[PDB]
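> Below is one structure. I have some questions about it.
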Amino acid sequence: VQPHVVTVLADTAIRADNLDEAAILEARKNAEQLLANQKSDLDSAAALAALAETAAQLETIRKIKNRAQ
Amino acid sequence: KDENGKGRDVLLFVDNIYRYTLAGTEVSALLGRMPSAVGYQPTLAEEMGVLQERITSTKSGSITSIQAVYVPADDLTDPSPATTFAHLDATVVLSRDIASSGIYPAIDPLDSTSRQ
């Protein structure tokens, strides 16, 4: 506190009336948790898969390039 | 026959055996023969073999055959390279890209084989 500015460096605080509002902080907690699930659920599923099939069967083409018969 | 013994070995070296097949091709049509699966002559294998079998080493004498084989359009599986192919113990093929990569000799490590 200063005669003109006061502040609190919060270890953890929530705009709330009581610890009963713990039912509210977990809402954002699990929200970000769900997002953390989502980032993987897309990342590997999109990137790893499609890129896996990309280079997969290309060889049989590159070997038959100059085929005259 | 060697003087008092079996003959000295034979060093044989041939350039562009494929040109033989090409020469046959040049007239194959003019013989009234219909074209083979490609413009090649359908006789191809026979005149190939009669050539090839005259190269084996016998009880008398030994012949060392070296043959450079042109590859049309770098197509290893044109009829002529494939058909020729079954008459050699040692296989040595060059790859255009590897030479384009600057290496000499440009011998493919992969395809080139030897029955030994």
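Letters A, B, ... mark the chains of the structure tokens in the order given; residue numbers begin at 1 per chain; ligand numbers begin at 1, in order shown.
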At most 9 Å is the cut-off: for each residue in chain B with any atom that close to an atom of chain A, write down the nearest atom pair and the distance in Å rounded to one decimal, counting only C-alpha atoms, chain first then increasing number, as a tab-separated table.


residue	atom	partner	partner_atom	distance
B:38	CA	A:69	CA	8.8
B:73	CA	A:66	CA	7.3
B:74	CA	A:66	CA	7.5
B:75	CA	A:66	CA	6.4
B:77	CA	A:67	CA	8.0
B:78	CA	A:68	CA	7.4

> Please provide the set of residues having any atom within 12 Å of residue 43 in chain B, restricted to only C-alpha atoms, with same-chain residues fewer than 2 positions apart removed, written as a PyMOL selection string.

chain B and resi 21+24-25+28-29+31+33-37+39-41+45-50+79-80+83

> Take the residues that were just selected and, keeping C-alpha atoms, output them as a PDB file, in the first residue's frame.


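Result written to again19.pdb:
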ATOM      1  CA  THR B  21      19.434 -55.917 -82.234  1.00  0.00           C
ATOM      2  CA  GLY B  24      18.173 -56.525 -87.082  1.00  0.00           C
ATOM      3  CA  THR B  25      15.348 -54.100 -86.370  1.00  0.00           C
ATOM      4  CA  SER B  28      12.955 -56.738 -89.712  1.00  0.00           C
ATOM      5  CA  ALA B  29       9.980 -55.047 -91.346  1.00  0.00           C
ATOM      6  CA  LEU B  31      11.606 -59.024 -94.472  1.00  0.00           C
ATOM      7  CA  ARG B  33       7.690 -59.778 -91.001  1.00  0.00           C
ATOM      8  CA  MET B  34       4.870 -58.167 -89.084  1.00  0.00           C
ATOM      9  CA  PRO B  35       5.969 -56.014 -86.141  1.00  0.00           C
ATOM     10  CA  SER B  36       6.438 -57.620 -82.755  1.00  0.00           C
ATOM     11  CA  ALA B  37       4.897 -56.254 -79.544  1.00  0.00           C
ATOM     12  CA  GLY B  39       8.689 -52.265 -83.592  1.00  0.00           C
ATOM     13  CA  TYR B  40      11.206 -54.933 -82.605  1.00  0.00           C
ATOM     14  CA  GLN B  41      11.309 -58.152 -84.542  1.00  0.00           C
ATOM     15  CA  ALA B  45      15.076 -63.835 -78.709  1.00  0.00           C
ATOM     16  CA  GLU B  46      16.380 -66.425 -81.166  1.00  0.00           C
ATOM     17  CA  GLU B  47      19.102 -64.315 -82.761  1.00  0.00           C
ATOM     18  CA  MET B  48      19.905 -63.028 -79.302  1.00  0.00           C
ATOM     19  CA  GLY B  49      20.414 -66.528 -77.949  1.00  0.00           C
ATOM     20  CA  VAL B  50      22.377 -67.901 -80.883  1.00  0.00           C
ATOM     21  CA  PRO B  79      12.258 -55.920 -74.414  1.00  0.00           C
ATOM     22  CA  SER B  80      15.900 -55.884 -75.511  1.00  0.00           C
ATOM     23  CA  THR B  83      15.853 -60.292 -72.763  1.00  0.00           C
TER      24      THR B  83
END

> Write down as a PyMOL selection string the residues belonging to range 1-68 of chain A that are assigned helix (DSSP H, G or I) by DSSP computed on the backbone.

chain A and resi 19-54+59-62

> Would you save the residues from that selection as a tab-separated table (two decimals), in the first residue's frame, using C-alpha atoms?


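Contents of part-v3.tsv, freshly written:
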chain	number	residue	atom	x	y	z
A	19	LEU	CA	-14.75	-20.42	-1.53
A	20	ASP	CA	-18.10	-21.89	-2.62
A	21	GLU	CA	-17.24	-20.24	-5.94
A	22	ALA	CA	-14.62	-22.97	-6.36
A	23	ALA	CA	-17.37	-24.51	-8.48
A	24	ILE	CA	-16.62	-21.65	-10.90
A	25	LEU	CA	-12.83	-21.63	-11.23
A	26	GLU	CA	-12.89	-25.28	-12.25
A	27	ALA	CA	-15.22	-24.26	-15.08
A	28	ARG	CA	-12.44	-22.32	-16.81
A	29	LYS	CA	-9.94	-24.95	-15.67
A	30	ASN	CA	-11.75	-27.79	-17.45
A	31	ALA	CA	-12.51	-25.48	-20.36
A	32	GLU	CA	-8.81	-24.96	-20.98
A	33	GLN	CA	-8.35	-28.68	-20.29
A	34	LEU	CA	-10.83	-29.49	-23.05
A	35	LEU	CA	-8.94	-27.12	-25.33
A	36	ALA	CA	-5.72	-28.94	-24.44
A	37	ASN	CA	-7.43	-32.17	-25.45
A	38	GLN	CA	-8.66	-30.53	-28.65
A	39	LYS	CA	-5.24	-29.32	-29.79
A	40	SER	CA	-3.97	-32.90	-29.83
A	41	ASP	CA	-7.25	-34.31	-31.16
A	42	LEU	CA	-6.73	-32.16	-34.25
A	43	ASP	CA	-2.94	-31.90	-34.47
A	44	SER	CA	-2.01	-35.57	-34.64
A	45	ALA	CA	-5.24	-36.49	-36.40
A	46	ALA	CA	-4.76	-33.89	-39.11
A	47	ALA	CA	-1.00	-33.64	-39.50
A	48	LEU	CA	0.33	-37.09	-38.64
A	49	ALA	CA	-2.33	-38.94	-40.62
A	50	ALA	CA	-2.49	-37.05	-43.91
A	51	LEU	CA	1.26	-36.55	-44.06
A	52	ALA	CA	1.58	-40.28	-43.36
A	53	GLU	CA	-0.46	-41.24	-46.41
A	54	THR	CA	1.30	-38.62	-48.54
A	59	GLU	CA	7.53	-44.95	-54.94
A	60	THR	CA	5.72	-47.22	-57.39
A	61	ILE	CA	5.03	-44.10	-59.46
A	62	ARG	CA	8.53	-42.64	-59.41

> If we count only C-alpha atoms and set the cut-off at 12 Å, which residues sit around residue 57 in chain B, ignoring sequence neighbours fewer than 4 positions away in its own chain? Please answer as an NGL selection string.

:B and (7-12 or 52-53 or 61-65)

> Could you write out the selected residues, including N, CA and C atoms, as a PDB file, in the first residue's frame?


ATOM      1  N   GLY B   7      44.532 -74.495 -74.380  1.00  0.00           N
ATOM      2  CA  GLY B   7      44.682 -73.120 -74.800  1.00  0.00           C
ATOM      3  C   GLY B   7      44.639 -72.075 -73.704  1.00  0.00           C
ATOM      4  N   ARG B   8      45.485 -71.063 -73.869  1.00  0.00           N
ATOM      5  CA  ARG B   8      45.440 -69.848 -73.070  1.00  0.00           C
ATOM      6  C   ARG B   8      44.028 -69.278 -73.001  1.00  0.00           C
ATOM      7  N   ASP B   9      43.761 -68.545 -71.923  1.00  0.00           N
ATOM      8  CA  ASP B   9      42.458 -67.933 -71.718  1.00  0.00           C
ATOM      9  C   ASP B   9      42.135 -66.960 -72.841  1.00  0.00           C
ATOM     10  N   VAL B  10      40.880 -66.528 -72.871  1.00  0.00           N
ATOM     11  CA  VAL B  10      40.381 -65.659 -73.925  1.00  0.00           C
ATOM     12  C   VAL B  10      39.869 -64.376 -73.302  1.00  0.00           C
ATOM     13  N   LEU B  11      40.377 -63.248 -73.784  1.00  0.00           N
ATOM     14  CA  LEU B  11      39.900 -61.940 -73.370  1.00  0.00           C
ATOM     15  C   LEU B  11      38.975 -61.401 -74.448  1.00  0.00           C
ATOM     16  N   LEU B  12      37.701 -61.255 -74.105  1.00  0.00           N
ATOM     17  CA  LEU B  12      36.681 -60.799 -75.033  1.00  0.00           C
ATOM     18  C   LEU B  12      36.086 -59.497 -74.535  1.00  0.00           C
ATOM     19  N   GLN B  52      24.366 -65.363 -77.896  1.00  0.00           N
ATOM     20  CA  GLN B  52      24.801 -65.489 -76.511  1.00  0.00           C
ATOM     21  C   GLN B  52      25.455 -66.833 -76.246  1.00  0.00           C
ATOM     22  N   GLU B  53      24.879 -67.905 -76.774  1.00  0.00           N
ATOM     23  CA  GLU B  53      25.394 -69.220 -76.439  1.00  0.00           C
ATOM     24  C   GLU B  53      26.731 -69.509 -77.101  1.00  0.00           C
ATOM     25  N   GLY B  61      39.752 -74.229 -73.102  1.00  0.00           N
ATOM     26  CA  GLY B  61      39.742 -72.783 -73.164  1.00  0.00           C
ATOM     27  C   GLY B  61      38.703 -72.107 -72.294  1.00  0.00           C
ATOM     28  N   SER B  62      38.958 -70.847 -71.951  1.00  0.00           N
ATOM     29  CA  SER B  62      38.056 -70.047 -71.137  1.00  0.00           C
ATOM     30  C   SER B  62      37.935 -68.666 -71.756  1.00  0.00           C
ATOM     31  N   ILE B  63      36.710 -68.160 -71.836  1.00  0.00           N
ATOM     32  CA  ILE B  63      36.421 -66.900 -72.504  1.00  0.00           C
ATOM     33  C   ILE B  63      35.834 -65.930 -71.494  1.00  0.00           C
ATOM     34  N   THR B  64      36.394 -64.732 -71.440  1.00  0.00           N
ATOM     35  CA  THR B  64      35.963 -63.693 -70.515  1.00  0.00           C
ATOM     36  C   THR B  64      35.193 -62.645 -71.305  1.00  0.00           C
ATOM     37  N   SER B  65      33.884 -62.598 -71.103  1.00  0.00           N
ATOM     38  CA  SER B  65      33.000 -61.778 -71.916  1.00  0.00           C
ATOM     39  C   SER B  65      32.677 -60.485 -71.184  1.00  0.00           C
TER      40      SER B  65
END

> Report, in Å to a single decimal, how far apart CA of residue 54 in chain B and CA of residue 2 in chain B are.

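It comes out at 20.7 Å.
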
> Find the distance between CA of residue 20 in chain B and CA of residue 95 in chain B and write it in Å to one decimal.

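Those two atoms sit 23.0 Å apart.
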
> List the neighbours of residue 96 in chain B out to 12 Å using only C-alpha atoms; skip same-chain residues closer than 6 positions along the sequence, and give me the result as a PDB file with N, CA and C atoms, in the first residue's frame.


ATOM      1  N   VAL B  71      21.024 -48.605 -73.018  1.00  0.00           N
ATOM      2  CA  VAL B  71      19.664 -48.698 -72.504  1.00  0.00           C
ATOM      3  C   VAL B  71      18.825 -47.630 -73.200  1.00  0.00           C
ATOM      4  N   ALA B  73      16.140 -44.954 -73.783  1.00  0.00           N
ATOM      5  CA  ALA B  73      15.295 -44.098 -72.952  1.00  0.00           C
ATOM      6  C   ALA B  73      15.462 -44.408 -71.470  1.00  0.00           C
ATOM      7  N   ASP B  74      16.612 -44.980 -71.112  1.00  0.00           N
ATOM      8  CA  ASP B  74      16.869 -45.461 -69.757  1.00  0.00           C
ATOM      9  C   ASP B  74      15.769 -46.402 -69.275  1.00  0.00           C
ATOM     10  N   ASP B  75      15.083 -47.049 -70.210  1.00  0.00           N
ATOM     11  CA  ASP B  75      14.068 -48.042 -69.877  1.00  0.00           C
ATOM     12  C   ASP B  75      14.753 -49.389 -69.720  1.00  0.00           C
ATOM     13  N   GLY B 102      27.232 -36.258 -59.975  1.00  0.00           N
ATOM     14  CA  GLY B 102      28.650 -36.007 -60.098  1.00  0.00           C
ATOM     15  C   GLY B 102      29.555 -37.163 -59.743  1.00  0.00           C
ATOM     16  N   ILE B 103      29.011 -38.273 -59.265  1.00  0.00           N
ATOM     17  CA  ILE B 103      29.845 -39.370 -58.793  1.00  0.00           C
ATOM     18  C   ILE B 103      30.355 -40.156 -59.989  1.00  0.00           C
ATOM     19  N   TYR B 104      31.615 -40.564 -59.926  1.00  0.00           N
ATOM     20  CA  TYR B 104      32.156 -41.514 -60.868  1.00  0.00           C
ATOM     21  C   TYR B 104      32.944 -42.567 -60.102  1.00  0.00           C
ATOM     22  N   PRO B 105      32.743 -43.854 -60.398  1.00  0.00           N
ATOM     23  CA  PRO B 105      31.770 -44.302 -61.397  1.00  0.00           C
ATOM     24  C   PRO B 105      30.340 -44.173 -60.889  1.00  0.00           C
ATOM     25  N   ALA B 106      29.370 -44.151 -61.797  1.00  0.00           N
ATOM     26  CA  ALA B 106      27.966 -43.938 -61.445  1.00  0.00           C
ATOM     27  C   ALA B 106      27.216 -45.242 -61.244  1.00  0.00           C
ATOM     28  N   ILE B 107      27.901 -46.264 -60.755  1.00  0.00           N
ATOM     29  CA  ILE B 107      27.317 -47.592 -60.628  1.00  0.00           C
ATOM     30  C   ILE B 107      26.302 -47.595 -59.495  1.00  0.00           C
ATOM     31  N   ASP B 108      25.094 -48.057 -59.786  1.00  0.00           N
ATOM     32  CA  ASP B 108      24.101 -48.234 -58.741  1.00  0.00           C
ATOM     33  C   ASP B 108      24.589 -49.288 -57.764  1.00  0.00           C
TER      34      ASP B 108
END

> Report the distance between CA of residue 89 in chain B and CA of residue 101 in chain B in Å, rounded to one decimal place.

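Result for CA of residue 89 in chain B versus CA of residue 101 in chain B: 28.2 Å, one decimal.
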
> According to DSSP computed on the backbone, where in chain B is there strand (DSSP E or B)? Give the residues as a PyMOL selection string.

chain B and resi 2+5+10-15+63-68+90+94+107+114
